[PDB]
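Engineer: So I've got this file, query_17.txt, and it contains compact mmCIF, N, CA and C atoms:
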```
# COMPACT_ATOMS: atom_id res chain seq x y z
N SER A 1 120.93 72.48 131.85
CA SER A 1 120.61 72.19 133.25
C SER A 1 120.85 73.39 134.15
N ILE A 2 121.92 74.15 133.91
CA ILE A 2 122.17 75.33 134.72
C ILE A 2 121.09 76.38 134.50
N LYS A 3 120.64 76.54 133.25
CA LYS A 3 119.57 77.50 132.98
C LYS A 3 118.27 77.10 133.65
N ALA A 4 117.96 75.80 133.70
CA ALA A 4 116.76 75.33 134.37
C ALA A 4 116.73 75.68 135.85
N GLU A 5 117.89 75.91 136.45
CA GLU A 5 117.99 76.38 137.83
C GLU A 5 117.84 77.88 137.92
N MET A 6 118.55 78.63 137.07
CA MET A 6 118.41 80.08 137.04
C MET A 6 116.96 80.48 136.77
N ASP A 7 116.28 79.71 135.92
CA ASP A 7 114.92 80.07 135.52
C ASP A 7 113.96 80.04 136.70
N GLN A 8 114.08 79.04 137.57
CA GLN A 8 113.18 78.95 138.72
C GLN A 8 113.51 79.97 139.80
N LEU A 9 114.78 80.34 139.97
CA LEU A 9 115.11 81.38 140.93
C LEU A 9 114.51 82.73 140.55
N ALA A 10 114.48 83.06 139.27
CA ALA A 10 113.84 84.29 138.82
C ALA A 10 112.34 84.27 139.03
N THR A 11 111.72 83.09 139.02
CA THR A 11 110.29 83.00 139.27
C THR A 11 109.94 83.41 140.70
N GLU A 12 110.76 83.05 141.68
CA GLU A 12 110.48 83.45 143.05
C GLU A 12 110.70 84.94 143.30
N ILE A 13 111.67 85.55 142.62
CA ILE A 13 111.82 87.00 142.74
C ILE A 13 110.53 87.68 142.30
N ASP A 14 109.89 87.14 141.26
CA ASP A 14 108.53 87.55 140.94
C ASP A 14 107.55 87.20 142.05
N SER A 15 107.67 86.01 142.63
CA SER A 15 106.67 85.55 143.59
C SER A 15 106.72 86.34 144.89
N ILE A 16 107.91 86.68 145.39
CA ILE A 16 107.99 87.51 146.58
C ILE A 16 107.44 88.90 146.31
N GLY A 17 107.76 89.46 145.15
CA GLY A 17 107.31 90.79 144.80
C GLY A 17 105.80 90.93 144.77
N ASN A 18 105.11 89.88 144.32
CA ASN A 18 103.66 89.91 144.22
C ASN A 18 102.96 89.40 145.47
N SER A 19 103.69 89.00 146.51
CA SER A 19 103.07 88.40 147.68
C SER A 19 103.19 89.27 148.92
N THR A 20 104.35 89.90 149.11
CA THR A 20 104.62 90.68 150.31
C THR A 20 103.52 91.71 150.55
N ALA A 21 102.80 91.57 151.66
CA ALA A 21 101.63 92.40 151.90
C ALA A 21 101.51 92.67 153.40
N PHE A 22 100.78 93.73 153.72
CA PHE A 22 100.47 94.12 155.10
C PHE A 22 98.99 93.81 155.31
N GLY A 23 98.70 92.58 155.69
CA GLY A 23 97.32 92.15 155.84
C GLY A 23 96.68 91.89 154.50
N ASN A 24 96.38 92.96 153.75
CA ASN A 24 95.81 92.76 152.42
C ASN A 24 96.35 93.76 151.40
N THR A 25 97.31 94.61 151.74
CA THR A 25 97.83 95.62 150.83
C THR A 25 99.22 95.21 150.38
N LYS A 26 99.40 95.04 149.07
CA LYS A 26 100.67 94.65 148.49
C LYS A 26 101.63 95.83 148.53
N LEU A 27 102.84 95.62 149.03
CA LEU A 27 103.77 96.72 149.27
C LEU A 27 104.87 96.85 148.24
N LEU A 28 105.08 95.85 147.38
CA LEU A 28 106.20 95.88 146.45
C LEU A 28 105.75 95.89 144.99
N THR A 29 104.49 96.24 144.74
CA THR A 29 103.97 96.22 143.37
C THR A 29 103.65 97.62 142.86
N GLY A 30 104.23 98.65 143.45
CA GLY A 30 104.17 99.99 142.91
C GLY A 30 103.09 100.87 143.49
N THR A 31 102.26 100.36 144.39
CA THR A 31 101.25 101.22 145.00
C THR A 31 101.89 102.17 146.00
N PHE A 32 103.16 101.94 146.34
CA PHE A 32 103.93 102.88 147.14
C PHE A 32 105.02 103.53 146.31
N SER A 33 104.85 103.57 144.99
CA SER A 33 105.79 104.26 144.12
C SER A 33 105.84 105.76 144.38
N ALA A 34 104.69 106.39 144.58
CA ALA A 34 104.60 107.79 145.00
C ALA A 34 104.26 107.77 146.48
N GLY A 35 105.25 108.07 147.31
CA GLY A 35 105.18 107.87 148.74
C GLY A 35 103.87 108.20 149.41
N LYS A 36 103.37 107.27 150.23
CA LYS A 36 102.17 107.51 151.00
C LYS A 36 102.49 108.32 152.25
N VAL A 37 101.44 108.81 152.91
CA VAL A 37 101.58 109.82 153.94
C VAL A 37 101.04 109.31 155.27
N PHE A 38 101.82 109.51 156.33
CA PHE A 38 101.39 109.27 157.70
C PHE A 38 101.54 110.56 158.49
N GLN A 39 100.55 110.86 159.34
CA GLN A 39 100.56 112.08 160.15
C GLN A 39 101.00 111.73 161.57
N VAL A 40 102.08 112.36 162.03
CA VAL A 40 102.67 112.03 163.32
C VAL A 40 102.52 113.16 164.33
N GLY A 41 101.90 114.27 163.95
CA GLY A 41 101.64 115.37 164.84
C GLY A 41 100.15 115.52 165.08
N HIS A 42 99.79 116.60 165.77
CA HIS A 42 98.38 116.87 166.04
C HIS A 42 97.82 117.99 165.19
N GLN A 43 98.58 118.51 164.23
CA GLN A 43 98.11 119.56 163.34
C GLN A 43 98.44 119.21 161.90
N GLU A 44 97.81 119.93 160.98
CA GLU A 44 98.04 119.70 159.56
C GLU A 44 99.49 120.01 159.20
N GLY A 45 100.03 119.22 158.27
CA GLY A 45 101.37 119.43 157.78
C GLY A 45 102.46 118.68 158.51
N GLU A 46 102.13 117.98 159.59
CA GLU A 46 103.10 117.17 160.33
C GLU A 46 103.03 115.75 159.80
N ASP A 47 103.60 115.53 158.62
CA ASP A 47 103.47 114.25 157.93
C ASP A 47 104.84 113.67 157.60
N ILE A 48 104.86 112.35 157.46
CA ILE A 48 106.03 111.60 157.04
C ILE A 48 105.65 110.78 155.80
N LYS A 49 106.57 110.74 154.84
CA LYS A 49 106.32 110.08 153.56
C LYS A 49 107.22 108.87 153.41
N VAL A 50 106.62 107.73 153.08
CA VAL A 50 107.34 106.48 152.88
C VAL A 50 107.16 106.05 151.43
N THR A 51 108.27 105.91 150.71
CA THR A 51 108.25 105.55 149.30
C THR A 51 108.94 104.20 149.11
N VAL A 52 108.24 103.26 148.47
CA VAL A 52 108.77 101.94 148.16
C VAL A 52 108.59 101.72 146.66
N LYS A 53 109.69 101.68 145.93
CA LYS A 53 109.61 101.46 144.49
C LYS A 53 109.33 99.99 144.20
N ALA A 54 108.73 99.75 143.04
CA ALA A 54 108.38 98.38 142.65
C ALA A 54 109.64 97.55 142.43
N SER A 55 109.63 96.33 142.95
CA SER A 55 110.77 95.43 142.84
C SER A 55 110.28 94.03 142.52
N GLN B 1 60.11 148.10 198.50
CA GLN B 1 61.49 147.71 198.25
C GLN B 1 61.81 146.35 198.86
N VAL B 2 61.34 146.10 200.08
CA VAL B 2 61.63 144.83 200.74
C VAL B 2 61.00 143.67 199.98
N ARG B 3 59.71 143.80 199.67
CA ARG B 3 59.03 142.74 198.91
C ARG B 3 59.49 142.73 197.46
N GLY B 4 59.81 143.89 196.91
CA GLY B 4 60.31 143.93 195.54
C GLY B 4 61.62 143.19 195.38
N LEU B 5 62.54 143.36 196.33
CA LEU B 5 63.81 142.64 196.26
C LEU B 5 63.60 141.14 196.41
N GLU B 6 62.69 140.72 197.28
CA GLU B 6 62.49 139.29 197.52
C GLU B 6 62.05 138.57 196.25
N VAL B 7 61.15 139.18 195.48
CA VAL B 7 60.78 138.62 194.19
C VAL B 7 61.95 138.71 193.22
N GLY B 8 62.72 139.80 193.30
CA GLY B 8 63.88 139.94 192.43
C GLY B 8 64.95 138.89 192.70
N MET B 9 65.10 138.49 193.96
CA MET B 9 66.05 137.43 194.28
C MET B 9 65.68 136.12 193.59
N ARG B 10 64.41 135.72 193.67
CA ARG B 10 63.98 134.51 192.99
C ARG B 10 64.06 134.66 191.48
N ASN B 11 63.92 135.88 190.98
CA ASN B 11 64.04 136.12 189.55
C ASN B 11 65.44 135.79 189.04
N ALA B 12 66.47 136.11 189.81
CA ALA B 12 67.85 135.83 189.43
C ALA B 12 68.27 134.39 189.67
N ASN B 13 67.74 133.74 190.71
CA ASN B 13 68.00 132.32 190.90
C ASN B 13 67.51 131.49 189.72
N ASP B 14 66.43 131.91 189.07
CA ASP B 14 65.95 131.28 187.86
C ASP B 14 66.93 131.43 186.71
N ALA B 15 67.53 132.62 186.55
CA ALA B 15 68.48 132.83 185.47
C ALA B 15 69.74 131.99 185.66
N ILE B 16 70.14 131.77 186.91
CA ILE B 16 71.32 130.96 187.20
C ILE B 16 71.09 129.54 186.73
N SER B 17 69.90 129.01 187.00
CA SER B 17 69.59 127.64 186.62
C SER B 17 69.59 127.45 185.11
N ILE B 18 69.05 128.42 184.36
CA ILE B 18 69.06 128.32 182.90
C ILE B 18 70.48 128.28 182.37
N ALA B 19 71.34 129.19 182.85
CA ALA B 19 72.73 129.19 182.43
C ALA B 19 73.45 127.92 182.87
N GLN B 20 73.03 127.33 183.99
CA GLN B 20 73.66 126.11 184.47
C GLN B 20 73.39 124.94 183.54
N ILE B 21 72.16 124.82 183.05
CA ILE B 21 71.80 123.68 182.20
C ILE B 21 72.48 123.79 180.84
N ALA B 22 72.48 124.98 180.24
CA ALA B 22 73.08 125.15 178.93
C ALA B 22 74.58 124.86 178.97
N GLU B 23 75.25 125.31 180.03
CA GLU B 23 76.67 125.04 180.18
C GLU B 23 76.95 123.55 180.28
N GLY B 24 76.11 122.83 181.02
CA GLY B 24 76.32 121.40 181.18
C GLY B 24 76.22 120.64 179.87
N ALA B 25 75.27 121.02 179.01
CA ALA B 25 75.10 120.33 177.74
C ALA B 25 76.27 120.58 176.79
N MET B 26 76.83 121.79 176.80
CA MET B 26 77.93 122.08 175.89
C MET B 26 79.20 121.31 176.25
N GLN B 27 79.33 120.89 177.51
CA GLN B 27 80.48 120.09 177.89
C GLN B 27 80.49 118.76 177.16
N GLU B 28 79.33 118.12 177.03
CA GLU B 28 79.27 116.83 176.36
C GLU B 28 79.50 116.97 174.86
N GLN B 29 79.09 118.09 174.27
CA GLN B 29 79.39 118.32 172.86
C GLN B 29 80.89 118.48 172.64
N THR B 30 81.59 119.06 173.61
CA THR B 30 83.04 119.22 173.49
C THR B 30 83.76 117.88 173.50
N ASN B 31 83.36 116.96 174.37
CA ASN B 31 84.02 115.66 174.43
C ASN B 31 83.84 114.85 173.15
N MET B 32 82.65 114.85 172.57
CA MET B 32 82.45 114.13 171.32
C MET B 32 83.19 114.76 170.15
N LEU B 33 83.33 116.09 170.15
CA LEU B 33 84.12 116.73 169.10
C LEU B 33 85.59 116.35 169.20
N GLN B 34 86.10 116.15 170.41
CA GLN B 34 87.49 115.71 170.56
C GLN B 34 87.70 114.32 169.99
N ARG B 35 86.73 113.43 170.17
CA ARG B 35 86.83 112.09 169.60
C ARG B 35 86.82 112.13 168.08
N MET B 36 86.09 113.07 167.47
CA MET B 36 86.12 113.22 166.03
C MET B 36 87.50 113.65 165.53
N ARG B 37 88.22 114.46 166.32
CA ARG B 37 89.57 114.83 165.94
C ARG B 37 90.49 113.62 165.88
N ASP B 38 90.39 112.72 166.85
CA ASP B 38 91.24 111.53 166.84
C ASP B 38 90.94 110.64 165.65
N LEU B 39 89.67 110.47 165.30
CA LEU B 39 89.33 109.64 164.15
C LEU B 39 89.86 110.22 162.85
N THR B 40 89.80 111.54 162.68
CA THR B 40 90.40 112.17 161.51
C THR B 40 91.91 111.98 161.46
N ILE B 41 92.59 112.10 162.60
CA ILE B 41 94.01 111.80 162.64
C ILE B 41 94.25 110.32 162.37
N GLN B 42 93.44 109.44 162.97
CA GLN B 42 93.57 108.01 162.73
C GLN B 42 93.26 107.62 161.30
N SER B 43 92.42 108.39 160.61
CA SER B 43 92.02 108.06 159.25
C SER B 43 93.05 108.47 158.21
N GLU B 44 94.28 108.77 158.62
CA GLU B 44 95.27 109.30 157.70
C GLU B 44 96.41 108.29 157.51
N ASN B 45 96.25 107.08 158.02
CA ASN B 45 97.24 106.03 157.79
C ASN B 45 97.34 105.69 156.31
N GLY B 46 98.54 105.34 155.87
CA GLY B 46 98.73 104.85 154.52
C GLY B 46 98.59 103.35 154.43
N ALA B 47 98.38 102.70 155.57
CA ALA B 47 98.17 101.26 155.61
C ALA B 47 96.69 100.89 155.66
N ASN B 48 95.81 101.88 155.65
CA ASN B 48 94.38 101.62 155.64
C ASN B 48 93.96 101.17 154.25
N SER B 49 92.66 100.96 154.05
CA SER B 49 92.14 100.62 152.74
C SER B 49 90.82 101.34 152.55
N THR B 50 90.23 101.17 151.37
CA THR B 50 88.96 101.82 151.08
C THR B 50 87.87 101.35 152.03
N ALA B 51 87.85 100.05 152.33
CA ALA B 51 86.88 99.52 153.28
C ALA B 51 87.14 100.00 154.70
N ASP B 52 88.40 100.24 155.06
CA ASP B 52 88.72 100.70 156.40
C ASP B 52 88.23 102.13 156.64
N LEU B 53 88.37 102.99 155.63
CA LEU B 53 87.94 104.37 155.77
C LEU B 53 86.43 104.47 155.94
N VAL B 54 85.68 103.56 155.32
CA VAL B 54 84.22 103.57 155.46
C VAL B 54 83.81 103.29 156.90
```
Please express what this file holds, its structure, as structure tokens.
Structural biologist:
Amino acid sequence: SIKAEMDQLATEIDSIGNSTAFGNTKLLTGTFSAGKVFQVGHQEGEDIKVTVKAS
Amino acid sequence: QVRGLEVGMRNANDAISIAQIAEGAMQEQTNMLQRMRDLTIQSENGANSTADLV
């Protein structure tokens, strides 16, 4: 009976990982494993990198 | 000389008008080029998608 409870809790850790999205882009499934780039200046090279490992 | 200058005056007023029109058109090309710069900066989000870039 205790395992039947642990088993379902692990299913949601999977479910949150595969659901969390920004409109339509999944953020916790490794597409941000190699940090993506945002440009915050007005010239080339002024970038910020955000890395989210798969969980 | 008197009549020669009078025709010469109108000759230069014509050149002023040509330079005036060309300068006016290049101003509008400059504004649209600035908008292209913003779109290139805007197109660098990491939250965009393949359909968004199109």
Engineer: Would you kindly return, as number ranges by chain, each protein, DNA or RNA residue with an atom no farther than 7 Å from any atom of residue 52 of chain A, considering only N, CA and C atoms and excluding same-chain residues fewer than 3 positions away?
Structural biologist: A: 27-28, 30-36, 55
Engineer: Within chain A, find each residue whose DSSP state, derived from the backbone, is helix (DSSP H, G or I), and express the selection as number ranges by chain.
Structural biologist: A: 2-17
Engineer: Show me, as a VMD selection string, the residues that have an atom within 7 Å of residue 48 of chain A when counting only C-alpha atoms, minus same-chain residues fewer than 2 positions from it.
Structural biologist: chain A and resid 37 to 39 50
Engineer: In Å, with one decimal, what is the gap from atom N of residue 53 of chain B to atom C of residue 22 of chain A?
Structural biologist: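 The value is 14.0 Å.
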Engineer: Give me, as JSON lines, each residue of chain B that comes within 12 Å of chain A, together with its shortest interatomic pair and the distance in Å at one decimal, counting only C-alpha atoms, with rows ordered by chain and rising residue number.
Structural biologist:
```
{"residue": "B:34", "atom": "CA", "partner": "A:42", "partner_atom": "CA", "distance": 11.8}
{"residue": "B:37", "atom": "CA", "partner": "A:42", "partner_atom": "CA", "distance": 9.0}
{"residue": "B:38", "atom": "CA", "partner": "A:42", "partner_atom": "CA", "distance": 9.0}
{"residue": "B:39", "atom": "CA", "partner": "A:42", "partner_atom": "CA", "distance": 11.7}
{"residue": "B:40", "atom": "CA", "partner": "A:39", "partner_atom": "CA", "distance": 10.3}
{"residue": "B:41", "atom": "CA", "partner": "A:39", "partner_atom": "CA", "distance": 7.0}
{"residue": "B:42", "atom": "CA", "partner": "A:39", "partner_atom": "CA", "distance": 8.5}
{"residue": "B:43", "atom": "CA", "partner": "A:39", "partner_atom": "CA", "distance": 9.5}
{"residue": "B:44", "atom": "CA", "partner": "A:38", "partner_atom": "CA", "distance": 6.1}
{"residue": "B:45", "atom": "CA", "partner": "A:38", "partner_atom": "CA", "distance": 5.3}
{"residue": "B:46", "atom": "CA", "partner": "A:36", "partner_atom": "CA", "distance": 5.6}
{"residue": "B:47", "atom": "CA", "partner": "A:25", "partner_atom": "CA", "distance": 7.4}
{"residue": "B:48", "atom": "CA", "partner": "A:25", "partner_atom": "CA", "distance": 8.4}
{"residue": "B:49", "atom": "CA", "partner": "A:25", "partner_atom": "CA", "distance": 7.8}
{"residue": "B:50", "atom": "CA", "partner": "A:25", "partner_atom": "CA", "distance": 10.8}
{"residue": "B:51", "atom": "CA", "partner": "A:24", "partner_atom": "CA", "distance": 11.2}
{"residue": "B:52", "atom": "CA", "partner": "A:24", "partner_atom": "CA", "distance": 11.4}
```
Engineer: Find the residues near residue 14 of chain A: any atom within 12 Å, counting only C-alpha atoms, skip ones fewer than 6 places away on the same chain, and give them as a ChimeraX atom specification.
Structural biologist: /A:7-8,20,28-29,54-55
Engineer: Would you give the centre and edge lengths, in Å to one decimal, of a box along x, y and z around the listed atoms of segment 26-37 of chain A, with 6 Å added to each side, as AutoDock Vina command-line options?
Structural biologist:
```
--center_x 102.8 --center_y 102.2 --center_z 149.1 --size_x 18.8 --size_y 27.2 --size_z 24.4
```
Engineer: What is the distance, in Å and to one decimal place, between atom N of residue 54 of chain B and atom C of residue 29 of chain B?
Structural biologist: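 Atom N of residue 54 of chain B sits 23.4 Å away from atom C of residue 29 of chain B.
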Engineer: In Å to one decimal, how far is atom CA of residue 19 of chain A from atom N of residue 53 of chain A?
Structural biologist: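 Answer for the atom N of residue 53 of chain A to atom CA of residue 19 of chain A separation: 14.9 Å.
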